[PDB]
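J.: Return a 3D structure for these sequence lines:
(chains A and B)
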Amino acid sequence: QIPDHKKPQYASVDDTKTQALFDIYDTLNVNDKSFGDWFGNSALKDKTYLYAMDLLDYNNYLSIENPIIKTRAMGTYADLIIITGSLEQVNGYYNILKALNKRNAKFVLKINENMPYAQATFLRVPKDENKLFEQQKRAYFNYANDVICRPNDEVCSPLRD
Amino acid sequence: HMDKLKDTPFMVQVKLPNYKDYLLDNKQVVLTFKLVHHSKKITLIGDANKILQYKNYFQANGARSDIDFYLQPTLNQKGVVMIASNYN
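T.: Residues are numbered from 1 along each chain as shown, chains lettered A, B, ... in the order given. Sharing the structure here:
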């Protein structure tokens, strides 16, 4: 179902044991525990609780669960956020994500008026020191273009100005 | 979302819905996920059809085969009510 180069992947970004997660193709499913507990906190893991709620309509819920959950986890902690799409949409999501982001991310809005839905790109880098930051960012964008992205893969277009 | 995996570097792209839809339903989507992800007992009350669909989506091809699901079919009721409980 998911081509093998589009599956999310870890990749040793340094001599540190901490590898970095590359989901360039938006294929990390939120319910998937394979890559660790990215989504869902441990502030509820063993808290005793009892809660009752009205479920959203099922089809509606299905089609927004992954984007909304993934955005909320990733976009809270990123240091660089790119929003790609129509002016109407990148604006709408800049206000959503400026609010959400807890790490003073830099925002870049890439306007593409042919994109019927916006696309966010979330980068978080490990750990003068401002020059280091810039070089790290350039290496992640290179590792995604050269290594992970196929030449004509269209999801990758906001990574390669 | 807030985890001890937030020491870890990442680079993730997301294909977003219409931001007006995000605004309208993000808070409730987060509840639902928060509650099924961590819960040990889920109870679903609603139309016999809708609750079976949710029980299966929630079970994730067995990534949540450890949740104890309890279905209660109804009739004159529009919607599905979830009751999630946890315990140590």
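
J.: I'd like to know how far residue A:15 sits from residue A:148.
T.: From residue A:15 across to residue A:148, the span is 21 Å (C-beta to C-beta, to the nearest Å). All C-beta atoms are positioned from the backbone trio N, CA, C, and that covers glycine.

J.: So between these two, which is more surrounded?
T.: Neighbours per residue (other C-beta atoms under 10 Å in any protein chain shown) separate residue A:15 from residue A:148, with residue A:148 holding more: 19 against 5.

J.: how about stretch A:83-101 as CSV, C-alpha atoms only?
T.: C-alpha atoms of stretch A:83-101 as CSV (Å, rounded to 0.1, in the frame of the first residue of the first chain):
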residue,chain,number,x,y,z
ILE,A,83,3.5,26.4,5.1
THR,A,84,2.9,25.9,1.4
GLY,A,85,-0.3,26.6,-0.5
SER,A,86,-2.8,29.3,-1.3
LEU,A,87,-2.5,32.7,0.3
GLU,A,88,-5.9,32.2,2.1
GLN,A,89,-4.6,28.9,3.6
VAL,A,90,-1.0,29.6,4.5
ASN,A,91,-2.3,32.7,6.3
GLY,A,92,-5.0,30.7,8.1
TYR,A,93,-2.4,28.1,9.3
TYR,A,94,0.3,30.7,10.1
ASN,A,95,-2.0,32.0,12.8
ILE,A,96,-2.9,28.5,13.9
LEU,A,97,0.7,27.4,14.2
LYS,A,98,2.3,30.6,15.5
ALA,A,99,-0.1,30.0,18.4
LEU,A,100,0.6,26.3,18.7
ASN,A,101,4.4,26.5,18.5
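
J.: in that stretch, what's buried?
T.: A:83-86, A:89-94, A:96-97, A:100-101 (16 or more other C-beta atoms under 10 Å in any protein chain shown).

J.: doesn't residue A:76 make contact with residue A:105?
T.: No: in this structure, residue A:105 is not within contact of residue A:76 by C-beta atoms under 8 Å, at 9.5 Å.

J.: of those two, who's got more company?
T.: residue A:105 (21 against 18).

J.: Distance of the more buried one relative to chain B?
T.: To chain B, residue A:105 is 13 Å away according to C-beta to the nearest C-beta, to the nearest Å.

J.: Now do the same contact list for that residue.
T.: A:78-81, A:97 (C-beta atoms under 8 Å, 6 or more residues apart in numbering or on different chains).

J.: Which members of those residues occur in helices, if any?
T.: Within these, residues falling in helices by DSSP state H are residue A:97.

J.: quick check, nearest of the contacts of residue A:105 to chain B?
T.: Closest to chain B out of these is residue A:78 (7.9 Å), distances taken as C-beta to the nearest C-beta.

J.: which residue sits closest to that closest one, ignoring its sequence neighbours?
T.: residue A:122 (4.2 Å; C-beta to C-beta, 6 or more residues apart in numbering or on different chains).

J.: Now do the strands in chain A.
T.: Ranges of strands in chain A, per DSSP state E, are A:9-11, A:20-23, A:49-54, A:80-85, A:106-111, A:119-124.

J.: Columns distance to residue A:1 on top of the ones you listed, output as a markdown table?
T.: What follows is the strands of chain A, written out as a markdown table (distance: least, C-beta to C-beta, whole Å):
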| stretch | distance to residue A:1 |
| --- | --- |
| strand A:9-11 | 17 |
| strand A:20-23 | 16 |
| strand A:49-54 | 31 |
| strand A:80-85 | 25 |
| strand A:106-111 | 29 |
| strand A:119-124 | 21 |
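
J.: who wins for proximity to residue A:39 among those?
T.: Among these, the nearest to residue A:39 by C-beta to C-beta is strand A:20-23 (12.1 Å).

J.: helices or strands up against the closest one?
T.: With contacts taken as 3 or more C-beta pairs under 8 Å, 6 or more residues apart in numbering or on different chains; DSSP states H and E, strand A:20-23 sits against strand A:9-11, strand B:10-15.
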